[PDB]
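Heavy atoms only: backbone and side chains are in, while hydrogens, waters and symmetry mates are out. Numbering of residues begins at 1 and proceeds along the displayed sequence.
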Amino acid sequence: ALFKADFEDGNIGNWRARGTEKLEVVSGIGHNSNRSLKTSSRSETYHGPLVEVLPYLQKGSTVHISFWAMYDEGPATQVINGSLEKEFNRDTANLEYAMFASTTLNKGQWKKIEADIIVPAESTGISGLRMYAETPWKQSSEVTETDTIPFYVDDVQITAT
Ligand SMILES: [Ca+2]
């Protein structure tokens with residue numbers, strides 16, 4: 001257990017939006033629990049909840065990341081992805097993005113999204129590594145309402161391997 005967020009304290013902590021979307025810790029909705037992190041007012045597929053995790057981790061290591069997701073409005077099914085945003089040498093114009101996992105969710109049902117990931121070594125100059133959830137990429141002109149549904153995440157966990 002290197003990092004855990006279950007939201008049961010009601011705290012947003014260091015979670016943040018990627019763009020103009022809205023994050024809220026809600027009560028009465030959670031994965032086998034009363035609280036979770038809702039992302040709404042999404043207007044791009046890449047809007048979604050993000051948190052910096054590099055400080056929790058040993059550079060060079062392999063770790064297992066998992067989280068639970070759920071959505072409860074719009075289409076009968078929808079894909080959610082779990083991804084990493086990486087920064088090197090504090091260069092914010094050349095961020096890297098890598099999807100680590102994706103699953104099809106059924107409306108109203110919690111599902112686990114997980115994978116092993118690699119934490120780059122110190123000598124790479126890695127300066128940020130953030131996990132985030134999103135829907136599959138579409139260019140801004142092609143985005144539809146089903147792509148920008150609000151969704152919940154909960155029980156975010158990173159474990160040693
Ligand atoms: Ca919870």
Side-chain angles (χ1 to χ4, degrees), residues 1-54 56-57 61-86 95-119 128-140 142-161:
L2 314 178
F3 174 79
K4 284 213 183 95
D6 62 25
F7 306 101
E8 294 305 307
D9 57 8
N11 293 318
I12 195 71
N14 299 138
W15 290 84
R16 67 169 179 79
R18 303 192 69 232
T20 53
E21 72 276 33
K22 173 165 173 286
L23 271 62
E24 185 170 359
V25 178
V26 297
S27 72
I29 297 287
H31 175 60
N32 302 156
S33 65
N34 200 48
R35 300 206 189 194
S36 64
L37 176 63
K38 190 182 194 180
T39 304
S40 62
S41 288
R42 300 172 67 236
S43 58
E44 305 293 342
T45 57
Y46 58 82
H47 292 173
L50 177 147
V51 67
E52 173 73 66
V53 302
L54 190 55
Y56 293 96
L57 308 180
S61 65
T62 297
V63 300
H64 190 76
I65 300 192
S66 56
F67 66 99
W68 290 78
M70 183 270 284
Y71 77 97
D72 66 10
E73 68 179 66
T77 64
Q78 174 59 54
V79 171
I80 294 291
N81 294 343
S83 295
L84 306 178
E85 175 177 286
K86 294 187 265 189
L95 302 180
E96 295 184 12
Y97 309 98
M99 187 189 319
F100 63 80
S102 65
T103 77
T104 297
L105 283 74
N106 303 121
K107 186 159 134 186
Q109 93 152 345
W110 290 89
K111 196 157 167 184
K112 193 178 192 173
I113 291 92
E114 68 184 314
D116 281 0
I117 60 141
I118 281 151
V119 187
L129 190 162
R130 307 114 190 195
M131 60 175 301
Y132 69 101
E134 64 179 343
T135 49
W137 174 276
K138 306 213 181 166
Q139 42 178 13
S140 287
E142 209 187 334
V143 177
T144 83
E145 196 150 65
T146 66
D147 297 306
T148 58
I149 47 144
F151 68 84
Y152 306 83
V153 302
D154 201 5
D155 284 345
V156 181
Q157 173 176 287
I158 306 178
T159 57
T161 60

Does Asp154 form a side-chain contact (heavy atoms from CB on, under 4.5 Å) with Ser33? I'd like the steps, not just the answer. CA-CA 9 Å; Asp154 201 5; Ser33 65; 2.9 Å; yes

Looking at every heavy atom in both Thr159 and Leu2, which two are closest together, and how far apart are they? C-CD1, 4.1 Å

Give, for atom CH2 of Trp68 and atom CD1 of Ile113, the distance between the pair rounded to the nearest 0.5 Å. 8.5 Å

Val153 vs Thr39, test: side-chain contact (heavy atoms from CB on, under 4.5 Å). Steps then yes/no. CA-CA 8 Å; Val153 302; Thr39 304; 5.9 Å; no

Shortest non-hydrogen contact from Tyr71 toward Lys107: OH-N, 3.3 Å

Would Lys38 and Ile29 satisfy side-chain contact (heavy atoms from CB on, under 4.5 Å), going step by step from the backbone distance to the final call? CA-CA 9 Å; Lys38 190 182 194 180; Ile29 297 287; over 6 Å; no

For the student: nearest non-hydrogen atoms of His64 and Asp116, plus distance: ND1-OD1, 2.8 Å

Got a sec: does the CG of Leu95 have more than 12 other heavy atoms crowding it under 6.0 Å? yes

Would you indicate whether the side-chain heavy atoms of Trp137 and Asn81 approach each other to under 4.5 Å? no

Are there more than 12 heavy atoms of other residues, nucleotides or ligands under 6.0 Å from atom CG of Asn14? no

For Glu134 and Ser83, the nearest pair of non-hydrogen atoms, with its separation, is OE2-OG, 3.0 Å

Min side-chain heavy-atom separation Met70-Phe151 under 4.5 Å: no

Fit a plane to each ring of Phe67 and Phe100, take the angle between them on a 0 to 90° scale, and name the class: parallel (under 30°), tilted (30 to 60°) or perpendicular (over 60°). perpendicular

Nearest 0.5 Å, please: how far is CG in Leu37 from CG in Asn11? 11.5 Å

Residues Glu142 and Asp147: closest non-hydrogen pair is O-OD2, 4.2 Å

More than 12 foreign heavy atoms under 6.0 Å from NZ of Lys111: is that the case here? yes

Please tabulate, for the side chains in residues 46-54, all donor-acceptor contacts under 3.5 angstrom to protein atoms that are two or more places apart in sequence or on a different chain.
| unit_1 | atom_1 | unit_2 | atom_2 | d |
| --- | --- | --- | --- | --- |
| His47 | ND1 | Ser43 | N | 3.1 |
| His47 | ND1 | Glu44 | N | 3.4 |
| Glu52 | OE1 | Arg130 | NE | 2.8 |
| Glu52 | OE2 | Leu54 | N | 3.2 |
| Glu52 | OE2 | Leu129 | N | 2.8 |

Mind checking side chain to side chain donor-acceptor pair (under 3.5 Å) for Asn32 and listing every partner two or more places apart, or none if nothing turns up? none

Measuring only between side-chain heavy atoms, which start at C-beta, is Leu84 closer than 4.5 Å to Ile65? yes

Pairs satisfying side-chain hydrogen bond (donor to acceptor under 3.5 Å, both in side chains), at least one member in residues 95-105, at least two apart: none

Please round to the nearest 0.5 Å and tell me the distance separating atom CG of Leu23 and atom CD1 of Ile12. 5.0 Å

Evaluation steps, side chain to side chain donor-acceptor pair (under 3.5 Å), between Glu24 and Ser40: CA-CA 8 Å; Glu24 185 170 359; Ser40 62; over 6 Å; no

Could you tell me whether the side chain of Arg42 reaches within less than 4.5 Å of the side chain of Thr135, counting heavy atoms only? yes

Report yes or no: does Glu21 contribute a side-chain atom to a donor-acceptor pair with the main-chain N or O of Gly19 at less than 3.5 Å? yes

Output, in order, the C-alpha distance, side-chain angles, deciding distance and verdict of side-chain contact (heavy atoms from CB on, under 4.5 Å) for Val26 and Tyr152. CA-CA 9 Å; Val26 297; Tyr152 306 83; 4.0 Å; yes

Would you say the side chain of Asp6 lies within less than 4.5 Å of the side chain of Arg35, judging by non-hydrogen atoms? no

